[PDB]
> 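My structure is below; once you've seen it, I'll send some questions.
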Protein chains: 2
Amino acid sequence: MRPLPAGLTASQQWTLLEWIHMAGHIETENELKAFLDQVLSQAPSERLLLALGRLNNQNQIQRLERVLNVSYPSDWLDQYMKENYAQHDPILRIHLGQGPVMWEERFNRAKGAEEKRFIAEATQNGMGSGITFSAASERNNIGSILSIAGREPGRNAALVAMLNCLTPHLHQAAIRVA
Amino acid sequence: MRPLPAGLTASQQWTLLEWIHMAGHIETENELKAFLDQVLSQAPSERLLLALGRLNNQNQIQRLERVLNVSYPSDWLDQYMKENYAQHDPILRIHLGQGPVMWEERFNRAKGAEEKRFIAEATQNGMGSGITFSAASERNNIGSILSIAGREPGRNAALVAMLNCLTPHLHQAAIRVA
Ligand SMILES: CCCCCC(=O)N[C@H]1CCOC1=O
Ligand SMILES: CCCCCC(=O)N[C@H]1CCOC1=O
């Protein structure tokens with residue numbers, strides 16, 4: 001269990017409380033999307049996606065079970081699927097449950113030609129910067145990622161901490177929905 | 001989704017946040033009992049029990065699926081089972097999800113001879129006063145009750161509100177455990 005954030009204002013504390021309270025009442029994909037729309041409305045980004053995956057023994061996604069696009073450009077997602085970027089996207093290689101991953105930091109460390117190709121393409125599509133939160137359940141090797149694209153979220157330490165803490169509850173909701 | 005309480009102090013708000021955060025990480029009966037022990041340590045009672053039940057079409061328990069005794073006297077539970085009090089206990093007739101039920105108020109309204117007998121017996125065993133919180137999921141007609149015995153909890157409006165809000169999350173945890 002990841003620790004709750006220190007240094008939140010009463011307003012931020014209340015927002016987080018509302019978010020985790022709401023998340024625990026999510027039963028349907030409809031409710032899940034509606035809730036993510038609400039969370040999105042509080043972040044300095046316009047691009048959010050949640051995915052659920054079956055994991056390997058190192059807590060990496062080996063199979064995508066559900067992709068819930070909230071506000072990624074549909075053209076980018078279409079390209080991602082069509083061009084099989086799942087095989088080249090460094091974000092899908094994260095060890096889930098090991099802490100928030102900043103994309104620019106992860107991208108700068110990539111070495112493969114195909115990975116660099118993907119990064120260049122993501123960059124042209126306004127996806128060069130962002131953050132991915134994650135949670136995993138070894139009850140049945142299942143995990144979730146919450147991705148938010150942009151530079152501003154990562155610079156808001158409180159928001160990062162809030163979304164990070166929300167993530168395990170979104171994970172439980174996603175499992176219920178699936 | 002029941003509304004979060006108004007008028008909590010920052011400390012009470014933080015406690016509630018910790019409780020719902022912790023509840024969403026519960027995966028095992030062990031963890032569930034340990035967490036309920038923690039919650040118990042914050043209430044002016046020493047007697048707590050959680051139960052999960054399959055419901056009828058009016059959201060009343062028709063079958064008990066799991067009874068997790070945290071701190072009811074074992075002698076009282078033994079008697080309850082042995083004497084089949086489930087059939088006579090007004091608390092097991094609550095419509096789950098319809099708000100916290102104060103036992104003294106519910107008991108005062110009982111009319112049946114067997115119900116009155118049970119009430120008299122509960123009273124002698126220090127169970128004449130208390131409160132039961134509840135939540136229900138019509139996904140599969142399943143609900144939970146959280147019972148706390150004593151007079152002091154009901155007199156602490158903040159605690160009542162906090163435990164009430166925690167209940168749906170304990171319910172989801174109980175479903176995961178079962
Ligand atoms: C469609 C699944 C993609 C989930 C992983 C993710 O958010 N990947 C970022 C990295 C840059 O571009 C993306 O789409
Ligand atoms: C063993 C299941 C009992 C759950 C319902 C409950 O908490 N009933 C109270 C009412 C007075 O005595 C009790 O045990």
Side-chain angles (χ1 to χ4, degrees), chain A residues 1-32 34-35 38-39 96-97 133-144 146 158 161-178, chain B residues 1-32 34-35 38-39 96-97 133-144 146 158 161-178:
Chain A
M1 187 186 91
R2 65 200 70 190
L4 291 167
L8 300 183
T9 68
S11 60
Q12 286 168 335
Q13 281 174 35
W14 197 260
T15 295
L16 182 56
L17 174 59
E18 284 177 339
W19 284 352
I20 298 171
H21 189 56
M22 298 175 67
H25 287 82
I26 293 171
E27 302 295 340
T28 73
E29 190 183 352
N30 290 134
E31 284 160 6
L32 183 54
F35 172 64
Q38 177 72 58
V39 174
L96 282 69
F133 309 90
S134 64
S137 289
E138 295 302 320
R139 181 177 65 83
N140 53 327
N141 296 345
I142 193 157
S144 295
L146 173 68
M162 288 163 69
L163 292 170
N164 195 35
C165 284
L166 175 64
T167 296
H169 305 285
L170 288 169
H171 176 58
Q172 299 279 28
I175 290 174
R176 287 192 302 268
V177 167
Chain B
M1 187 186 91
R2 65 200 70 190
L4 291 167
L8 300 183
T9 68
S11 60
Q12 286 168 335
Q13 281 174 35
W14 197 260
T15 295
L16 182 56
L17 174 59
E18 284 177 339
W19 284 352
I20 298 171
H21 189 56
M22 298 175 67
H25 287 82
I26 293 171
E27 302 295 340
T28 73
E29 190 183 352
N30 290 134
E31 284 160 6
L32 183 54
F35 172 64
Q38 177 72 58
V39 174
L96 282 69
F133 309 90
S134 64
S137 289
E138 295 302 320
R139 181 177 65 83
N140 53 327
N141 296 345
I142 193 157
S144 295
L146 173 68
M162 288 163 69
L163 292 170
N164 195 35
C165 284
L166 175 64
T167 296
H169 305 285
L170 288 169
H171 176 58
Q172 299 279 28
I175 290 174
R176 287 192 302 268
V177 167

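In what follows, every chain begins at residue 1, and chains take the letters A, B, ... in the order their sequences are listed.
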> Below 30° counts as parallel, above 60° as perpendicular, anything between as tilted: where do the rings of B:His25 and A:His169 land?
perpendicular
> Strictly distance-based, threshold 3.5 Å: is any side-chain N or O of B:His21 a donor or acceptor partner for the main-chain N or O of A:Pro3?
no
> Roughly how far apart are A:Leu16 CG and B:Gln13 CD, rounded to 0.5 Å?
12.0 Å
> Counting heavy atoms not belonging to A:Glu29, are there more than 12 under 6.0 Å from its CD?
no
> Please state whether the side chain, the backbone, both or neither of A:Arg176 comes within less than 4.5 Å of a heavy atom of chain B.
side chain
> Could you grab the distance from atom CE of B:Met22 to atom CG of A:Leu4, nearest 0.5 Å is fine?
9.5 Å
> Which distance, rounded to the nearest 0.5 Å, do you find between the CD1 of A:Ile20 and the CD of B:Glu18?
11.0 Å
